[PDB]
Amino acid sequence: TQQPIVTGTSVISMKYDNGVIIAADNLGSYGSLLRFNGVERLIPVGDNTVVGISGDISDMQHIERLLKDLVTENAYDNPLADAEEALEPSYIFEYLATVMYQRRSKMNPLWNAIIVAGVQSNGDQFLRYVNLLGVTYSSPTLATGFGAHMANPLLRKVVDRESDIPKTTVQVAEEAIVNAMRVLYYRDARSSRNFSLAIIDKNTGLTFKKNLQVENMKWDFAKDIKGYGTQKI
Amino acid sequence: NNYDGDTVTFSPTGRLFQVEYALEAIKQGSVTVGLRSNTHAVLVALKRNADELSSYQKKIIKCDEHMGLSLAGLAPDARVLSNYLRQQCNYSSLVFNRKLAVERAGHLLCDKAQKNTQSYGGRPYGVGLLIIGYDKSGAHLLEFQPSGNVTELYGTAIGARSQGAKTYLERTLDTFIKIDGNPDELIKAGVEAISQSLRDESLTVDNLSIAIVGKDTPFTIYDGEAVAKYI
Amino acid sequence: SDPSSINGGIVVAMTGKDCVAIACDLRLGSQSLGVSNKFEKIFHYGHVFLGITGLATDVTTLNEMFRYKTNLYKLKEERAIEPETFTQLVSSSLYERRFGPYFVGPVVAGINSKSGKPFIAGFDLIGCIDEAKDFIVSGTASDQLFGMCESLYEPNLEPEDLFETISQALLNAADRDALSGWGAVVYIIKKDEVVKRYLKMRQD
Amino acid sequence: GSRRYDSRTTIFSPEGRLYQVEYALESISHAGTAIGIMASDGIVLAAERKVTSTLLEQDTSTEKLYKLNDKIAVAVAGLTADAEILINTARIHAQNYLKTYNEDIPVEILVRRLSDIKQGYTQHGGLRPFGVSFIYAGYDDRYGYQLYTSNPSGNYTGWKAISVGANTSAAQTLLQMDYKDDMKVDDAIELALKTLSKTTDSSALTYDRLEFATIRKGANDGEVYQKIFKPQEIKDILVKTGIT
Amino acid sequence: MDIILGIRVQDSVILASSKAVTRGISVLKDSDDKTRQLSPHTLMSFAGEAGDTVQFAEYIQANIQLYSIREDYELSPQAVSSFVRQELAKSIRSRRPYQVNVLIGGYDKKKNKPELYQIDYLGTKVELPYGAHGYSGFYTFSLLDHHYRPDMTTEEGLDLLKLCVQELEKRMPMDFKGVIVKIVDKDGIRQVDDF
Amino acid sequence: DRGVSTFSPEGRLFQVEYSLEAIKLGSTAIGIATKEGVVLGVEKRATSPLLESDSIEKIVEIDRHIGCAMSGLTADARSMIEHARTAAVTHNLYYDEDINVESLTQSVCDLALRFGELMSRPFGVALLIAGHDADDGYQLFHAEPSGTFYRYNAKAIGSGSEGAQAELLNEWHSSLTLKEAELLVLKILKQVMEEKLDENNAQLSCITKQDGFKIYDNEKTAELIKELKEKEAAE
Amino acid sequence: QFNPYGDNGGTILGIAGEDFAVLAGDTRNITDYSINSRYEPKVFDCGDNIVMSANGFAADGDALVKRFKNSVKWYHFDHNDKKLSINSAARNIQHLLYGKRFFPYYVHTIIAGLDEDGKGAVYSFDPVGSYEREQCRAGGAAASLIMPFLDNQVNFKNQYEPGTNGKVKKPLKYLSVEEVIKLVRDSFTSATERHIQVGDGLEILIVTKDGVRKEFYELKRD
Amino acid sequence: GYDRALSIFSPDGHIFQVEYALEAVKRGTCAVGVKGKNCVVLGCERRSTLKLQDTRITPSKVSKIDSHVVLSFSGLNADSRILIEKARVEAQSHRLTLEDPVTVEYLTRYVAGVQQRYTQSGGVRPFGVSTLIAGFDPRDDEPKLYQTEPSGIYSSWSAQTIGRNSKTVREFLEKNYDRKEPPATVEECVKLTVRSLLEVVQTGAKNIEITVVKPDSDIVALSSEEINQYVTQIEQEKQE
Amino acid sequence: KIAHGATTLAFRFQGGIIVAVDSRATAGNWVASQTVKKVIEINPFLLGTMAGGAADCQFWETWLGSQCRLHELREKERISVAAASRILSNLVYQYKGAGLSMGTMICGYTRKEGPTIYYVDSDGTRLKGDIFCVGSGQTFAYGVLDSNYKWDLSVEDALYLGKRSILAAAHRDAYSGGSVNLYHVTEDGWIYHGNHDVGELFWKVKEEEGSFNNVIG
Ligand SMILES: [Mg+2]
Ligand SMILES: [Mg+2]
């Protein structure tokens, strides 16, 4: 049993016709102090998987090292390490899920909520969630923390069920993700303007976008708001 | 001579006699054949009985839905090694949601056997194994020796009089590799291969044991009237 | 609840001219209930005397432990253990149970057989040695005993005078403690004779 | 591996004997003779120190007679270092019993415990046995005065008079001849010294070549006293009995 | 369980122990014998936490019976009491201590004397002319302090014991369903079937 | 000296091969499997007439549906029987069912090669494990100290094994009744035994689906011996 | 302080027919007032004609099912590919659950299939491994809403034959697979209306001698 | 720990360490067991090479395992104490868990199992001891007499002997003991036991020990004079 | 919310032992089941009753059956009720403090003992006795038992007494009810005497007996 110290907020994601999109901001909070402004919370594994992590940052760095070690281990005595016997999103997720549940079962959890986004060998989209309790679930849209409350409702308007996935293009999906990140910046007190976004497409592969910013913000209407009720000036 | 008392002792010419004696146990064992195409992989095994009242000793063991082996030598040692393979296949599935590669399965068997050849007190395994399987890189056939040496092959045979079947497969190499999408013809070639190792006795209904794995074919063992078709 | 005051009892020791005295009450109780008026708290191993207050089961256990150890000491050393050496053994033995201690208040008293020098010592429940020149007190009426000893005591008292001083210190201290009394014993110790006297006191 | 160098200390011979026990007994047969004699009013322990020197400090020396507790003592024959290991274990066992039951340990129970320890080294562990034979002299309120012996096999037996070490065959014959049941301590003292005087390999028996002890009820009223004799006291009893 | 009493007279030791067993709301049994024979001339009564009482008593019984067979000899009451005390003193610093209080009534055949030992769960041993555990002493000791003599007969001891039980039956809130009385003397152990 | 788990130049474990020689010195045990049941019989071989022969326990119950006969160093069989009984009962606890005869035999044979420098040597006893289950019906197995087990229609072990096995070769057929099998075991035991066969120096037993494993009374066996004598004198 | 348990909601229902058995469960997965997934399968085919669901804390539920599926696999290896009967599976699951008696799987487990006489069978478990064969059993969040309805409409409780007035009970006539599915659908539709953790979808696994069949139906998504 | 395999098979299929343990039993003093109709008697030889012995305190050859079962032995004396201790512990352990004292067969099966364990355990040698275990089952009046040996095999006997010159006394018992009519009384059973020892013992003085066990935990050891009367009566009948 | 609530009884009489239990299991106020089997069939000769923890009772009394089977295989003799009850009590005593919940009557009938009942508890208690009653409705059942019990009851009358006593508890105790399961234990084994719905049984007993005049029917 511990308490999380340096923490990362929401990770958000969704499926689209040819793949998956995932995003997370670059902040490492220390309670109410917005301590670290250059933290990468999306960690790619190979060219077909991106693991997005929220919660305790020290535990995130540990998980980051496990995934790095996993790639090394898979390459050992494996002539097809960059082909048929390469690491799949499903393999990476199941490994993490095993570790998370084992750690909760020893009453010493990795204090994280994790989303594994990727594309399988046969082109199928992979998107699944796991957290400190070892709880797992999959959905056309997935989000952690505040994202679950604010991002999911917006992303579910685009892809409400399985049949909406083939009808959703990469442009529409990315637009929805970027809008959700803006909404989280308006409303989450432990978020930052700077974020990273990753697209894993079955045709164009892994596209990793760094140093993105929330833009096109509405603040002008604030000038007309005066007092808290009766005040006119 | 003076250097065969235990596995921890090299001879003056750099030989390990206890390992070689364990290798000898395989030669005493009954013949078993392995061969594959690009789509399927087949095991054929000549089972041995104690006498006419006795049953015929089982030679083939299933390890997973996509992998299994045939044995020649000490059967209990095959049970130990096959059990280890069952566990490793299972660890791969539970932890990584991943079917264990046949090549990696061979590496694990090599390393397990090796530890028994370098330590005092223990002994080498007294059995040879032919592992077949179908994974993400197609059909595979492996030959395991208790020295630790594991080898990937198109076809092979181990046990008594196995040289005859091995020569046949060496001639037929170009033919049976091309038998794709036809399980019965691949088995026929395996039954014809093991027949080159027979003397006096012939293939009967309770004598023959066949196993197959392939693209859309789980590892299944055929015994009894199920192999009468191929006699 | 407090282990050191379940059973009750007291021990006091004093030095005199070429002599030492050690004394104790005889009560054993279960809180308010008086159980025994014959529970002696002073033991001896050769010429070294040990008084023990506190939890009665530990009093008994430690006596059996130091009998055990002083008997092995004697067999190997071919001589009886001295007060100074025994004091160190008590301290060592108590400290080995640092984080699971015996709930006791030991008091050592005796005369060194070679030098003839009078010796007394007191300990806390975990081994700290209090080697006083004048007197040592222990038990549930230790505050009362400190008050009596500090006023009544004077140095270089003769054995028969020392008897009166230590007896009055014990008796009057015990009478101001609910969990002490029910009889008393006083040991007067000289270099080669020891007298044991049971005192008459109020039995409430 | 290591098997090559293993002597296998705990195995039977074809005849059903324990090699190492038999060879340990052979070792003990060269040790200084120790005698125990039990009387109605006490027990005597006498023992011969092996070829001593004039420069050996006798009054502070102890190689034969050891105290286990106030009621029990032992005479040693064999390797002294081996004996001290067992002696300390026996001393501890006596104290464990005293702490548990608040009574002095009965003689046989102590003897059985030490004998069982010796037995263990002959059956398991792959270690050499203790090259020691004991004579136990002790008293308790159940059986009174008791004499026992134990040897490296871990077998023990009770005795009225017994010898261990060198020349036991000759010594036992002499004891068997002159011993009687109604004998007293003072007579037993004389018998023990006379037996050693005849069986000794030395030219003459002297005070500096002996260790002596008695266990008497000759203590003021119903209690038992152990007396380990001093060099001058051994010299006096040698003159009294008429040996020197 | 509840009430266990003991009294040592001239030539015997008498132990009295309640018959009731209560599982919270209900009295499940009214004929329970809260004692075990450790040896032919040694009896132990017991009271404390459920389960621990019988488990401890039977464990002690087994150990003393083992000693008796090994040595072909009966241990003295003093020796048995010291063994029992050590086990309880060991128990109090264990992971889960035996929550058991005992009285040990024995007749020493060597000294020709009855002996009564009181030992609580902490391992606190005392030899007494009469003893009790729990709240039993609070009612009975004043009567025993008045009437008791060291030269009392067994019959006089039983009469004094009846007076103690009568006072308990009057002033105690719990119904303990009477007592089973047992006598320990030179001839061994016997039960008083009418009390 | 030499390792306990050492291979010979021929590729056999010395200690396993030597334990097989101890089994050859053991008393005879015969098993015959039929569609009506499996029969187990043994030679008691008392070393003296003062030895109470009914205390010789060489046929043993493992479960209601599984029986066992032994030959060789019979003292070694006790821990094997204990394991077998435990395995049978444990499986019933875990799975609320009877355990397969083959699975039970496999569990016993797993102990065999657990020796080294675990126990210090292989077992010096062979077992005939007979039983019935719903899947494979009436079965007879021969469990060796090598860890190998063969299923048999009929099998003899012990000192008169090769002579008895040759006799079982001719006599056994797939339509044998239970009564025919009983007499056949008695016939072959009588043939290979040193002393004259009677109800006191030989013991019969069987396992049926209905009644389970049963050791035959001396009175019951005595009748079967008398029935045997008459039918041999009939031609 | 760290709490190793959670509540993923959901509701499951097992009904045993004359020659069939159904095991139904909603597909909604939740934490507190949020929806994790509208379609997260909760009832699983475990092989040997046995279906299983472990409802409650999903991490423990997935772990238990995974270990049972594993037990079926090793049962085949160790006992010559013998079919694991429903009663034997039930006893095995007891030992899996009771193995963690002092740190329990926080789930209500139900299995369904056919017994060795071919008749429909349902078994129900508590978190620590106590079990019982039953004709009818709902588990999870809305179990209290569903069971009283099943008592009335499956077992005909409190129903009597008209004219007799309480003297003659309504006879316990056997229900078909079509009739059972109707009662399952109406049970979940009613539960969906009054329980916030029930909705999105209903997945039913039907077990017969022919094998395991699946049916899916939409539920309200609010 | 010392793990060396001391008990192993030889080419001819023998375990020499177990067989050499029997040779130690052959060396041991003779022990005999005879069961009558309502009793069992255990006779034991005491070699008279050891005089000046204290017979009060010297370990007796017959040992009580419980109040209703006794154990005698032939072979290594030190080894026998370990088996006796284990047997006594198991007897009390059985009473504690089953409420019921051990049966004679059960106690024998335990001791025999301990002996067997020491024939295939690493780093230990077999017990050089054979035992005769006798007594009566609780609430039973049928006499019981069992034998064990180093290998671990055990069996029931109407009458049996072990130790040195046991071949001779077994010869005597085989012709003198009738199964259809065993020694009906205690006298007849003791007499036959003393007679059997007199074939081997030498002098009938302090060389013969006799212990009579009867039903319901009635065990008693005969004294020198009581045994001497049997010795006197036997030889006076023999002078004819 | 583990299940809780029960009424179980067992009593010795001339014809052996009667065992009677209710069938209800409740998680708080919610009635989880009305069809619970509260008599465990340890083997054909031994019965155990379920009260406290359902799993604890089920698991360990099944296990007890396995131990009893191993005993009779090894000793070639039926295990005594004393020995069997002791194996269970010693087992649960090892677990004392860990949180096992068990209150059970181990019931059997052997040659040496006759009809015997042992109350075994998770705190280590092991009591031999003639009449035991355990559960939330135990006090109600005791009233009917105590006032009507005799040693010389017939098997028929004893079966009814056990049935009637559970009914009394089922009526008054909220956490008892559903149905009554009856067993009769003989030397040759136990005999099952049916499942009896309390709803139907109540009205039947009311009319035939004239009891429960407080209740309108
Ligand atoms: Mg007062
Ligand atoms: Mg809803």
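Every chain is numbered from 1, with letters handed out A, B, ... down the list of sequences. Just so you know, these numbers use all the heavy atoms, side chains as well, and skip hydrogens, waters and symmetry mates.
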Peer 1: A quick test of your reading: do over 12 heavy atoms of other residues, nucleotides or ligands sit less than 6.0 Å from NZ of B/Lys136?
Peer 2: yes

Peer 1: Would you mind checking chain B against chain D for donor-acceptor pairs under 3.5 Å and listing them?
Peer 2:
unit_1, atom_1, unit_2, atom_2, d
B/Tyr120, OH, D/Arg3, N, 3.3
B/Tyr120, OH, D/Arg3, NH1, 3.0
B/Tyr120, OH, D/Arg3, NH2, 3.3

Peer 1: Inspect the surroundings of OH in B/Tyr84 and state if more than 12 heavy atoms from other residues, nucleotides or ligands are less than 6.0 Å away.
Peer 2: yes

